[PDB]
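Undergrad: Here you go, one structure.
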Amino acid sequence: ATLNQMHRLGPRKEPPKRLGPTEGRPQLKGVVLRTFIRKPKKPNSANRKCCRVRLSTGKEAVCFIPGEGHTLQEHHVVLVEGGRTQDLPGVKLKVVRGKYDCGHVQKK
Amino acid sequence: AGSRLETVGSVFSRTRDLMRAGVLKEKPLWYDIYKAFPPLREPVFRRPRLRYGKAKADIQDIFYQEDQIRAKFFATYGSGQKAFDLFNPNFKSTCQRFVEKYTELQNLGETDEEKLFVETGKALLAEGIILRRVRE
Amino acid sequence: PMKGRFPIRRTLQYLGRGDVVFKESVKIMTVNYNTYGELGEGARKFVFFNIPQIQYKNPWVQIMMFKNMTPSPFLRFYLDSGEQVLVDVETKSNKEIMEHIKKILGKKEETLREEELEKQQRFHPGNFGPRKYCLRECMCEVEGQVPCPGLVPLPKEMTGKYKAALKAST
Amino acid sequence: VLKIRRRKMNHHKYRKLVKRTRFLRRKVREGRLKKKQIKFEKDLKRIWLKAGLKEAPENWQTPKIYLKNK
RNA sequence: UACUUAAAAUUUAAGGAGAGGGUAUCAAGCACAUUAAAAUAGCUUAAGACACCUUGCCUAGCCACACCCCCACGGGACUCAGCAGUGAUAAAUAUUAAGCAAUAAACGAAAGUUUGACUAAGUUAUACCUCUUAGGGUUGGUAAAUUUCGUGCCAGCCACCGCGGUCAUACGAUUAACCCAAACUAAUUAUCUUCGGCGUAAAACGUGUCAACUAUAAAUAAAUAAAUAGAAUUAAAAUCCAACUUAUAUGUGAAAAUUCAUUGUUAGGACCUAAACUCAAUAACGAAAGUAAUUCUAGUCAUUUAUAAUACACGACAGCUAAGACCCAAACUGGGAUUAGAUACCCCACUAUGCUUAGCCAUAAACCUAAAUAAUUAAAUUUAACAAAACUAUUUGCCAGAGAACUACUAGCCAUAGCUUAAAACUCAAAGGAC
Ligand code: FES
Ligand SMILES: [K+]
Ligand SMILES: [K+]
Ligand SMILES: [K+]
Ligand SMILES: [K+]
Ligand SMILES: [Mg+2]
Ligand SMILES: [Mg+2]
Ligand SMILES: [Mg+2]
Ligand SMILES: [Mg+2]
Ligand SMILES: [Mg+2]
Ligand SMILES: [Mg+2]
Ligand SMILES: [Mg+2]
Ligand SMILES: [Mg+2]
Ligand SMILES: [Mg+2]
Ligand SMILES: [Mg+2]
Ligand SMILES: [Mg+2]
Ligand SMILES: [Mg+2]
Ligand SMILES: [Mg+2]
Ligand SMILES: [Mg+2]
Ligand SMILES: [Mg+2]
Ligand SMILES: [Mg+2]
Ligand SMILES: [Mg+2]
Ligand SMILES: [Mg+2]
Ligand SMILES: [Mg+2]
Ligand SMILES: [Mg+2]
């Protein structure tokens, strides 16, 4: 662009930073609604443990439960955080082990 | 160990540099000679480029003043029936004698080109040279 | 590569090299120059090189330039008194034009120095406060004075916590 | 290569979709123009009422500019 | 506070050199102006008016607010956005504390009095500092650092690339090592921001003319073979009519259907529909689209140069509307064949349409996939590669990963299954270009 065109336009227009599943918040608290399995996209082959939750914001989201084995059930309370599950499409939240009803993976 | 880079510098500059670095311990025998009696131009690589737009070379077309007279002689009489001998360094052709006489008359002060052309023909006719005014 | 011709003109150092600071009387400077010709070359160079420097040091002066309106280039200054100073810059180099206007309508070095000193009258080195305005925020920074408790713990006897305990003991 | 094929294949699926729902789109349009006309009339009524007139200027009838006048 | 009149601090009102968030799919606002006999028809606006959305900024501090109705006569849902504290809510969690001793403020002539301002404490790894215990994470690559065993595309892991189906340095335990350390790791947010590009990758967006700026500096042009419009004209080949006339004619790879109202010949007649061989191995004209049968009439031309839309005028083909034309061609349609099927390719017939007269539509790989203009050919320039050698300057337009998307919505349009304008959600770690 010419100096006259750069002057008439100024600095580049910047698209606003749209928020993610947590809505720009470190963590959210949600109540479990269902516990189900999600299948990772090929080539990955597994039965990943996830759950649907109703967040404090009022929306409903699908959250991956990390770790080897969870005791979560319907009506339980959990603290969800950000971080997408790469193989699981649409799963943009994860549960924090050791907070509220969810507990640390049971080393056995 | 050497500098086989013939596109950077010259044989002399690369030899000077290699000795400064410490890789070449003995001077080549041709080195001192080049230092004392170098060439006029430094032999450095240059990529020949083409000329573009209105760039032109600077070569003078070699045209002497005799050529104006010689052109008329070839158009009027052609080349002399006697054959050119280009091995004799002092050869005088029929056309060169025409130009020598044409010059002599012009030194006298004749200003008309037509006068100098027909008078020279008459003088050579007296000399006995066979000039044929071949229009063909 | 910076765009345009002579990109050095678009640097703060170049703009600050200008030495023509007009007197308070100067209010407008009209520049009449021709884009084609031979006797107006200095005028064209003055618009190209010097007008930015003049505006930088005289932000409140209106510089308005008109092109190819007259046979010859000239400068006309409009003063606050109502006087109009015409300058003829034909056959004059851009450097010559700057020196001429500096002489007739430019502040002298003495006047400018006095203004600079007066501007800084209220800054005192001894004054304490934020870094933006002062050298030192607190007297603890000074050598020999009691250091800040945050950096160096105070003696117990100089602390209100300790003094209160003794008063209770009394 | 695949970018014109995709424009072609995308454009092919739009023309098919428009054909399947051509009659629905016609009724959508006639209603969007009617709302477009009412919005035009109301915007003109706002002007004279704000100016203080209690009736539209004498001999004025809002032109119907979105109807099948041509 | 001084004088009985002058220095300040502090405000208020009216203003304006300049600077000042986002959306132009917010493009018009609709009285927003001047004059001062009260007339004139003006005022702001692509140099961004108007509308809407969002946000405290100008930081020794400033501005706005003080339960709500912008305000607070009035009304209402009737007061901690003072300190401490409580309920609810939230990922978010300080004492219902002491003293007016210091400084500040209020009051008093004053000794003095008052103050949840403030001061000294309490609470909390949130930070810094000084010390003393050591814990936290990681160990496939980026990126410092793994031994044994279990698991076997399962269980699990990853910021990106990826790992796991029997020798897993990548998962789990264990061993050691690495990093940091009263912290450590995770999540969230923040700090980095246009002088780069536009033949082939995002992007010169069909064509030209008129403005204002920004640049530039010269006083010419035209006289051109197929620009364009009108009128007149016609050579070859068809069509029609007529004479004579084979028995067939037509059609394919091969056949069938079609046909004998055909066929062939005509130095017979009519027609003037449609298209313009050779020239053309040419490279002209026009802004582009486009334009080459002949003749005649009208006709292209000077603005220094570049630079234009919200205006004006054009814009292949196909398509729409109305009245005509119709040799030939030909979507569609029917017939014949072909094939497992033919909804095609091949054959026959025939229509819209191609033509004219009036409008409309405004679309192309509208492409030389090259914006225009003036330079230079050397700057030790294959500055990727391939195209079309490279490159400087000027002005405008345009571009900012891919898909979603020649889409949705918006506005304009003779357009109504239309064109121009043109997003987001969401998804992926690529997409793409040249070799
Ligand atoms: S900053 Fe000076 S005493 Fe703390
Ligand atoms: K896999
Ligand atoms: K209020
Ligand atoms: K006190
Ligand atoms: K381990
Ligand atoms: Mg929209
Ligand atoms: Mg309240
Ligand atoms: Mg109020
Ligand atoms: Mg409180
Ligand atoms: Mg109160
Ligand atoms: Mg906190
Ligand atoms: Mg007092
Ligand atoms: Mg193993
Ligand atoms: Mg790892
Ligand atoms: Mg491991
Ligand atoms: Mg492109
Ligand atoms: Mg187009
Ligand atoms: Mg005709
Ligand atoms: Mg004529
Ligand atoms: Mg027809
Ligand atoms: Mg092309
Ligand atoms: Mg299209
Ligand atoms: Mg569309
Ligand atoms: Mg639309
Ligand atoms: Mg997007």
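Identifiers in the structure tokens: chain A, B, ... in order shown; residue index from 1 per chain; ligand index from 1 in order shown.
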Taking only C-alpha atoms (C1' of nucleotides) and all ligand atoms and a cut-off of 12 Å, can you tell me which residues surround ligand 2, written as a PDB file with N, CA and C atoms (P, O5', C5', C4', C3', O3' and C1' of nucleotides), in the first residue's frame?
TA:
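Okay, this is what ended up in out-v6.pdb:
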ATOM      1  N   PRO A  40     -12.575 -42.120  19.609  1.00  0.00           N
ATOM      2  CA  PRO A  40     -11.649 -41.183  18.969  1.00  0.00           C
ATOM      3  C   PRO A  40     -11.622 -41.382  17.462  1.00  0.00           C
ATOM      4  N   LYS A  41     -11.381 -40.289  16.745  1.00  0.00           N
ATOM      5  CA  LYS A  41     -11.349 -40.350  15.291  1.00  0.00           C
ATOM      6  C   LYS A  41     -10.180 -41.204  14.815  1.00  0.00           C
ATOM      7  N   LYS A  42     -10.434 -42.008  13.791  1.00  0.00           N
ATOM      8  CA  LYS A  42      -9.401 -42.861  13.211  1.00  0.00           C
ATOM      9  C   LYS A  42      -8.274 -41.958  12.720  1.00  0.00           C
ATOM     10  N   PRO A  43      -6.999 -42.255  12.999  1.00  0.00           N
ATOM     11  CA  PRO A  43      -6.570 -43.621  13.330  1.00  0.00           C
ATOM     12  C   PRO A  43      -6.672 -44.051  14.784  1.00  0.00           C
ATOM     13  N   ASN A  44      -6.992 -43.161  15.716  1.00  0.00           N
ATOM     14  CA  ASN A  44      -7.019 -43.545  17.118  1.00  0.00           C
ATOM     15  C   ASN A  44      -8.196 -44.474  17.394  1.00  0.00           C
ATOM     16  N   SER A  45      -7.965 -45.444  18.278  1.00  0.00           N
ATOM     17  CA  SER A  45      -8.949 -46.481  18.590  1.00  0.00           C
ATOM     18  C   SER A  45      -8.985 -46.662  20.104  1.00  0.00           C
ATOM     19  N   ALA A  46     -10.052 -46.182  20.735  1.00  0.00           N
ATOM     20  CA  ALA A  46     -10.196 -46.291  22.181  1.00  0.00           C
ATOM     21  C   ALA A  46     -11.656 -46.047  22.544  1.00  0.00           C
ATOM     22  N   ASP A  87      -8.061 -36.105  20.025  1.00  0.00           N
ATOM     23  CA  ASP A  87      -8.709 -37.136  19.219  1.00  0.00           C
ATOM     24  C   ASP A  87     -10.228 -37.005  19.254  1.00  0.00           C
TER      25      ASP A  87
ATOM     26  P     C E 153      -4.895 -54.961  20.923  1.00  0.00           P
ATOM     27  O5'   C E 153      -5.180 -53.470  20.440  1.00  0.00           O
ATOM     28  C5'   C E 153      -5.612 -52.484  21.370  1.00  0.00           C
ATOM     29  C4'   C E 153      -6.270 -51.308  20.691  1.00  0.00           C
ATOM     30  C3'   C E 153      -7.037 -51.635  19.414  1.00  0.00           C
ATOM     31  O3'   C E 153      -8.173 -50.778  19.305  1.00  0.00           O
ATOM     32  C1'   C E 153      -5.335 -50.077  18.929  1.00  0.00           C
ATOM     33  P     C E 157      -5.519 -40.139  30.019  1.00  0.00           P
ATOM     34  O5'   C E 157      -4.163 -39.842  29.241  1.00  0.00           O
ATOM     35  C5'   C E 157      -2.909 -40.005  29.882  1.00  0.00           C
ATOM     36  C4'   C E 157      -1.761 -39.861  28.917  1.00  0.00           C
ATOM     37  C3'   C E 157      -1.694 -38.557  28.141  1.00  0.00           C
ATOM     38  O3'   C E 157      -1.167 -37.484  28.898  1.00  0.00           O
ATOM     39  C1'   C E 157      -1.312 -40.369  26.675  1.00  0.00           C
ATOM     40  P     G E 162       1.228 -36.365  12.437  1.00  0.00           P
ATOM     41  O5'   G E 162       2.267 -37.452  12.960  1.00  0.00           O
ATOM     42  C5'   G E 162       1.858 -38.524  13.799  1.00  0.00           C
ATOM     43  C4'   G E 162       2.629 -38.522  15.093  1.00  0.00           C
ATOM     44  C3'   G E 162       2.596 -39.810  15.901  1.00  0.00           C
ATOM     45  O3'   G E 162       3.498 -40.799  15.436  1.00  0.00           O
ATOM     46  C1'   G E 162       2.093 -38.018  17.320  1.00  0.00           C
ATOM     47  P     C E 163       3.062 -42.346  15.436  1.00  0.00           P
ATOM     48  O5'   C E 163       2.981 -42.733  16.979  1.00  0.00           O
ATOM     49  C5'   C E 163       4.161 -42.818  17.761  1.00  0.00           C
ATOM     50  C4'   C E 163       3.875 -43.188  19.195  1.00  0.00           C
ATOM     51  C3'   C E 163       3.239 -44.543  19.443  1.00  0.00           C
ATOM     52  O3'   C E 163       4.155 -45.617  19.343  1.00  0.00           O
ATOM     53  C1'   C E 163       2.179 -42.915  20.785  1.00  0.00           C
ATOM     54  P     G E 164       3.700 -47.001  18.668  1.00  0.00           P
ATOM     55  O5'   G E 164       2.603 -47.575  19.669  1.00  0.00           O
ATOM     56  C5'   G E 164       2.973 -48.049  20.955  1.00  0.00           C
ATOM     57  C4'   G E 164       1.786 -48.576  21.721  1.00  0.00           C
ATOM     58  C3'   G E 164       0.915 -49.591  21.003  1.00  0.00           C
ATOM     59  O3'   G E 164       1.468 -50.896  21.006  1.00  0.00           O
ATOM     60  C1'   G E 164      -0.453 -47.985  22.071  1.00  0.00           C
ATOM     61  P     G E 165       1.819 -51.634  19.623  1.00  0.00           P
ATOM     62  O5'   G E 165       0.509 -52.474  19.284  1.00  0.00           O
ATOM     63  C5'   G E 165       0.075 -53.527  20.132  1.00  0.00           C
ATOM     64  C4'   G E 165      -0.822 -54.494  19.401  1.00  0.00           C
ATOM     65  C3'   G E 165      -0.211 -55.188  18.195  1.00  0.00           C
ATOM     66  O3'   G E 165       0.581 -56.306  18.561  1.00  0.00           O
ATOM     67  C1'   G E 165      -2.407 -54.421  17.680  1.00  0.00           C
TER      68        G E 165
END
Undergrad: For the strand (DSSP E or B) assignment from backbone DSSP, which residues of chain A qualify? Please present them as JSON, numbers by chain.
TA: {"A": [27, 28, 29, 30, 31, 32, 33, 34, 35, 36, 37, 38, 48, 49, 50, 51, 52, 53, 54, 55, 60, 61, 62, 63, 64, 77, 78, 79, 80, 81, 93, 94, 95]}
Undergrad: Please determine the contact residues of chain C with respect to chain A at a cut-off of 12 Å, counting only C-alpha atoms, and supply them as a PyMOL selection string.
TA: chain C and resi 2-5+7+10
Undergrad: Based on the selection just made, write C-alpha atoms of those residues as a PDB file, in the first residue's frame.
TA:
ATOM      1  CA  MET C   2      10.982   2.528   3.864  1.00  0.00           C
ATOM      2  CA  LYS C   3       8.524   3.658   1.215  1.00  0.00           C
ATOM      3  CA  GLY C   4       8.717   6.897  -0.738  1.00  0.00           C
ATOM      4  CA  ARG C   5      11.662   8.971  -1.895  1.00  0.00           C
ATOM      5  CA  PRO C   7      12.582   8.301   3.585  1.00  0.00           C
ATOM      6  CA  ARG C  10      10.125  10.669   7.888  1.00  0.00           C
TER       7      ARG C  10
END
Undergrad: Restricting the calculation to only C-alpha atoms (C1' of nucleotides), which member of C:135, C:164, C:148, C:31 is positioned closest to chain E?
TA: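 Nearest candidate to chain E out of C:135, C:164, C:148, C:31: C:164.
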Undergrad: Select, as a ChimeraX atom specification, those residues of chain E with any atom no more than 8 Å from chain D (distances computed using only C-alpha atoms (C1' of nucleotides)).
TA: /E:30,406,414,416-417
Undergrad: Could you check how far atom 1 (K, counted along the ligand's line) of ligand 4 sits from CA of residue 158 (chain C), in Å to one decimal?
TA: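 Spanning atom 1 (K, counted along the ligand's line) of ligand 4 to CA of residue 158 (chain C) is a straight-line distance of 19.5 Å.
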Undergrad: Can you list, as a VMD selection string, every protein, DNA or RNA residue that comes within 10 Å of region 347-363 of chain E when you count only C-alpha atoms (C1' of nucleotides), leaving out same-chain residues fewer than 4 positions away?
TA: chain E and resid 206 250 to 252 255 to 258 273 to 274 315 to 326 329 to 337 414 to 415 418 to 420
Undergrad: List the neighbours of residue 77 (chain B) out to 8 Å using only C-alpha atoms (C1' of nucleotides); skip same-chain residues closer than 6 positions along the sequence, and give me the result as a ChimeraX atom specification.
TA: /B:131-135
Undergrad: Compute the set of protein, DNA and RNA residues whose minimum atom distance to ligand 19 is at most 8 Å, using only C-alpha atoms (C1' of nucleotides) and all ligand atoms, and state it as a list in words.
TA: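 Taking only C-alpha atoms (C1' of nucleotides) and all ligand atoms into account, the residues around ligand 19 at most 8 Å away are residues 297, 298 and 299 of chain E.
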Undergrad: What does the list of residues within 8 Å of ligand 21 look like if you count only C-alpha atoms (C1' of nucleotides) and all ligand atoms, written as a list in words?
TA: residues 365, 367, 368 and 369 of chain E
Undergrad: Residues within 10 Å of ligand 12, counting only C-alpha atoms (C1' of nucleotides) and all ligand atoms: report them as number ranges by chain.
TA: E: 106-110
Undergrad: Leaving out region 17-28 of chain C and any residue of its chain fewer than 4 positions from it, which residues lie within 10 Å of it when counting only C-alpha atoms (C1' of nucleotides), given as number ranges by chain?
TA: C: 12-13, 50-58, 60-64, 76-85, 98-109, 111-112
Undergrad: Can you write just those residues out, N, CA and C atoms, as a compact mmCIF listing (two decimals), in the first residue's frame?
TA:
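Output file out_7.txt is given in full below:
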# COMPACT_ATOMS: atom_id res chain seq x y z
N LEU C 12 12.25 11.22 13.17
CA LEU C 12 12.17 12.30 14.15
C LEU C 12 13.46 13.11 14.20
N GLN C 13 14.60 12.48 13.95
CA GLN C 13 15.86 13.21 13.96
C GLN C 13 15.89 14.27 12.87
N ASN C 50 12.14 21.19 3.41
CA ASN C 50 12.16 22.11 4.54
C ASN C 50 10.80 22.33 5.20
N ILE C 51 9.71 22.30 4.43
CA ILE C 51 8.39 22.57 5.01
C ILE C 51 8.09 21.62 6.17
N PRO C 52 8.41 20.33 6.10
CA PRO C 52 8.18 19.47 7.27
C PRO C 52 8.92 19.93 8.51
N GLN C 53 10.18 20.35 8.36
CA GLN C 53 10.94 20.80 9.52
C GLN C 53 10.34 22.07 10.12
N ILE C 54 9.86 22.98 9.27
CA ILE C 54 9.27 24.22 9.78
C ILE C 54 7.99 23.92 10.54
N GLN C 55 7.14 23.05 10.00
CA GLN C 55 5.89 22.73 10.68
C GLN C 55 6.15 22.03 12.01
N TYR C 56 7.19 21.20 12.06
CA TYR C 56 7.46 20.43 13.28
C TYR C 56 7.78 21.34 14.45
N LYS C 57 8.54 22.41 14.21
CA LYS C 57 8.92 23.34 15.26
C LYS C 57 7.87 24.42 15.49
N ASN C 58 6.92 24.58 14.57
CA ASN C 58 5.89 25.62 14.65
C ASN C 58 4.53 24.99 14.42
N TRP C 60 1.61 25.44 15.53
CA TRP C 60 0.42 26.28 15.53
C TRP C 60 0.35 27.22 14.33
N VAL C 61 1.37 27.24 13.48
CA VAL C 61 1.37 28.08 12.29
C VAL C 61 0.73 27.31 11.14
N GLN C 62 -0.20 27.95 10.44
CA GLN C 62 -0.88 27.35 9.30
C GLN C 62 0.00 27.50 8.06
N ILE C 63 0.48 26.38 7.52
CA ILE C 63 1.24 26.36 6.28
C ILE C 63 0.32 25.84 5.18
N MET C 64 -0.05 26.70 4.24
CA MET C 64 -0.89 26.34 3.11
C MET C 64 -0.14 26.64 1.82
N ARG C 76 4.70 34.26 1.57
CA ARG C 76 4.01 35.36 2.22
C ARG C 76 3.61 34.96 3.63
N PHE C 77 4.16 35.66 4.62
CA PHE C 77 3.84 35.43 6.02
C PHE C 77 2.77 36.41 6.48
N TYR C 78 1.79 35.91 7.22
CA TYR C 78 0.74 36.74 7.81
C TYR C 78 0.97 36.81 9.31
N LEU C 79 1.15 38.02 9.82
CA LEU C 79 1.47 38.24 11.22
C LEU C 79 0.22 38.60 12.01
N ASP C 80 0.33 38.52 13.33
CA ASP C 80 -0.83 38.76 14.19
C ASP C 80 -1.22 40.23 14.21
N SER C 81 -0.26 41.13 14.01
CA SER C 81 -0.57 42.55 13.94
C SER C 81 -1.40 42.91 12.72
N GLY C 82 -1.41 42.05 11.70
CA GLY C 82 -2.04 42.34 10.43
C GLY C 82 -1.06 42.63 9.32
N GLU C 83 0.24 42.68 9.63
CA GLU C 83 1.26 42.89 8.62
C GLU C 83 1.43 41.64 7.77
N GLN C 84 1.82 41.85 6.51
CA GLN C 84 2.06 40.76 5.57
C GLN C 84 3.48 40.90 5.03
N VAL C 85 4.30 39.88 5.26
CA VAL C 85 5.70 39.89 4.85
C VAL C 85 5.82 39.01 3.61
N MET C 98 15.77 29.13 3.72
CA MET C 98 15.67 28.88 5.15
C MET C 98 16.42 29.94 5.95
N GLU C 99 17.62 30.30 5.49
CA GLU C 99 18.41 31.30 6.20
C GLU C 99 17.73 32.66 6.16
N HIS C 100 17.11 33.00 5.02
CA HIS C 100 16.43 34.29 4.91
C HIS C 100 15.27 34.39 5.89
N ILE C 101 14.41 33.37 5.92
CA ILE C 101 13.24 33.42 6.80
C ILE C 101 13.66 33.34 8.26
N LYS C 102 14.75 32.62 8.55
CA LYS C 102 15.25 32.56 9.92
C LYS C 102 15.67 33.95 10.40
N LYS C 103 16.34 34.71 9.53
CA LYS C 103 16.81 36.04 9.91
C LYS C 103 15.65 36.98 10.19
N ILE C 104 14.69 37.06 9.28
CA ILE C 104 13.66 38.09 9.36
C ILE C 104 12.60 37.74 10.41
N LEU C 105 12.22 36.46 10.52
CA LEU C 105 11.09 36.08 11.36
C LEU C 105 11.40 34.90 12.27
N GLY C 106 12.67 34.63 12.55
CA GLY C 106 13.07 33.50 13.38
C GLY C 106 13.57 33.96 14.74
N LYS C 107 13.18 33.23 15.78
CA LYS C 107 13.64 33.53 17.12
C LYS C 107 15.14 33.30 17.23
N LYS C 108 15.79 34.12 18.05
CA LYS C 108 17.23 34.01 18.24
C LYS C 108 17.54 32.91 19.25
N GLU C 109 18.80 32.46 19.22
CA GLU C 109 19.20 31.38 20.12
C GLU C 109 19.03 31.78 21.58
N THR C 111 16.78 33.76 22.96
CA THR C 111 15.38 33.70 23.38
C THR C 111 14.95 32.26 23.65
N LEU C 112 15.38 31.33 22.79
CA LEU C 112 14.95 29.94 22.94
C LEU C 112 15.54 29.31 24.19
Undergrad: Compute the set of chain E residues within 12 Å of chain B, using only C-alpha atoms (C1' of nucleotides), and express it as number ranges by chain.
TA: E: 375-378, 380-382, 389-391
Undergrad: Please find the residues contacting ligand 4 at a distance of at most 9 Å between atoms, with only C-alpha atoms (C1' of nucleotides) and all ligand atoms counted, and report them as a list in words.
TA: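 The distance check yields residues 99, 100, 101, 102, 103, 115, 118 and 119 of chain E.
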Undergrad: Determine which residues of chain E sit within 9 Å of chain A, taking into account only C-alpha atoms (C1' of nucleotides), and present them as a list in words.
TA: residues 47, 90, 91, 153, 154, 155, 156, 158, 172, 187, 188, 189, 193, 194, 195, 196, 197, 214, 395 and 396 of chain E
Undergrad: Write the residues of the preceding selection, restricted to C-alpha atoms (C1' of nucleotides), as a PDB file, in the first residue's frame.
TA:
ATOM      1  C1'   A E  47     -11.464  13.556   4.338  1.00  0.00           C
ATOM      2  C1'   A E  90     -19.257 -17.178  41.920  1.00  0.00           C
ATOM      3  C1'   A E  91     -13.307 -20.897  39.706  1.00  0.00           C
ATOM      4  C1'   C E 153      -5.335 -50.077  18.929  1.00  0.00           C
ATOM      5  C1'   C E 154      -7.544 -52.312  25.201  1.00  0.00           C
ATOM      6  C1'   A E 155      -6.315 -49.292  29.575  1.00  0.00           C
ATOM      7  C1'   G E 156      -4.438 -44.657  28.750  1.00  0.00           C
ATOM      8  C1'   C E 158      -0.170 -35.249  23.692  1.00  0.00           C
ATOM      9  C1'   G E 172       0.615 -47.588  34.133  1.00  0.00           C
ATOM     10  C1'   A E 187      -6.296 -23.889  33.230  1.00  0.00           C
ATOM     11  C1'   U E 188      -7.648 -18.827  31.997  1.00  0.00           C
ATOM     12  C1'   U E 189      -6.227 -13.970  30.598  1.00  0.00           C
ATOM     13  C1'   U E 193       0.860  -5.643  15.953  1.00  0.00           C
ATOM     14  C1'   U E 194       0.509  -2.409   8.995  1.00  0.00           C
ATOM     15  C1'   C E 195       6.784   0.700   5.292  1.00  0.00           C
ATOM     16  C1'   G E 196       4.483  -6.955   3.374  1.00  0.00           C
ATOM     17  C1'   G E 197       2.078  -8.339  -0.935  1.00  0.00           C
ATOM     18  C1'   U E 214      -1.434  13.545  -3.996  1.00  0.00           C
ATOM     19  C1'   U E 395      -1.220   7.343  -7.947  1.00  0.00           C
ATOM     20  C1'   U E 396      -5.449   4.521  -7.080  1.00  0.00           C
TER      21        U E 396
END
Undergrad: Record the distance separating CA of residue 69 (chain B) and CA of residue 89 (chain B), expressed in Å with one decimal.
TA: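 A separation of 21.6 Å between them.
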Undergrad: Distance limit 12 Å, reference ligand 11, atoms considered: only C-alpha atoms (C1' of nucleotides) and all ligand atoms. Which residues make the cut? Give them as an MDAnalysis selection string.
TA: chainID E and resid 91:94 124 126
